[PDB]
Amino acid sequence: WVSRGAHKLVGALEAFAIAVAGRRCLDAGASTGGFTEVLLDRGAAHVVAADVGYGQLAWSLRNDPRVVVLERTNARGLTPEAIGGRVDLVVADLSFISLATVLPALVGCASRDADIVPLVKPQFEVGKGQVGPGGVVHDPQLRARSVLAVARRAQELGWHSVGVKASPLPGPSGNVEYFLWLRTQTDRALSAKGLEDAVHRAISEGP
């Protein structure tokens, strides 16, 4: 792969059994292009790569006719108009911001039948004072609360939680991060107790 980030999204897509082939995708936080490369490899029709920070998209991805590169001030400004229409799959890997702040934008870019699969980073969700030594959320209970808070906000926007999967590679300084599968149209929405069980297994089962 172009980046080891590729392995994270493969892990998520395999765990949730989400197909990409033929679909229109948004990669929010595209940066090096790990996520974008995987989407293209799995048969995506079109990928919008929102460059929303430091890092350059690898030349080979930038020159692919299935890829549109957007260079926005941030992910929270994303709109259907800006990306050229709603998409079927949204993935997001964002640094030093809470997903609460961008979820309305991501939801607004998604079709009603889409999958939204953000990578939840407890170190960027918990309060200062709760982040442990070295900037690692060592406390599994706090990692669980982070994921639940993101799920709760998604649910307030009409997007239910269907599954949770620890990313197979840790993030900065060793933080464990977790993919959440969100859908607004599903026959498998987790209940409160169901999400608790799924989060508990994901946290106990690690990367």
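The first residue of the shown sequence is 1; numbering continues from there.
Trainee: Can you let me know which of the two, 151-159 or 29-37, has the higher average C-alpha B-factor in the entry?
Mentor: Stretch with the greater average CA B-factor: 29-37.
Trainee: May I ask you to compare 15-23 and 189-197 by their mean CA B factor in the entry and name the higher one?
Mentor: Result of the comparison: 15-23.
Trainee: Out of 133, 104, 118, 122, whose C-alpha atom has the biggest B factor in the entry?
Mentor: Spelled out: the listed residue with the top C-alpha B-factor is 133.
Trainee: From the list 52, 144, 169, 164, select the residue with the highest C-alpha B factor recorded in the entry.
Mentor: Of the options given, 52 has the highest CA B-factor in the PDB entry.
Trainee: Would you check the entry's CA temperature factor for residue 6 and let me know if it's in the chain's lowest, middle or highest third?
Mentor: According to the entry, residue 6 has a C-alpha B-factor in the chain's middle third.
Trainee: By the recorded C-alpha temperature factor, relative to the other modelled residues in its chain, which third is residue 48 in?
Mentor: As the PDB entry reports it, the C-alpha B-factor of residue 48 lands in the middle third of its chain.
Trainee: Would you mind checking where the Cα B-factor of residue 78 ranks among the modelled residues of its chain, as the lowest, middle or highest third?
Mentor: It falls in the top third of the chain.
Trainee: Place residue 177 in the lowest, middle or highest third of its chain's C-alpha B-factors, as listed in the PDB entry.
Mentor: It falls in the bottom third of the chain.
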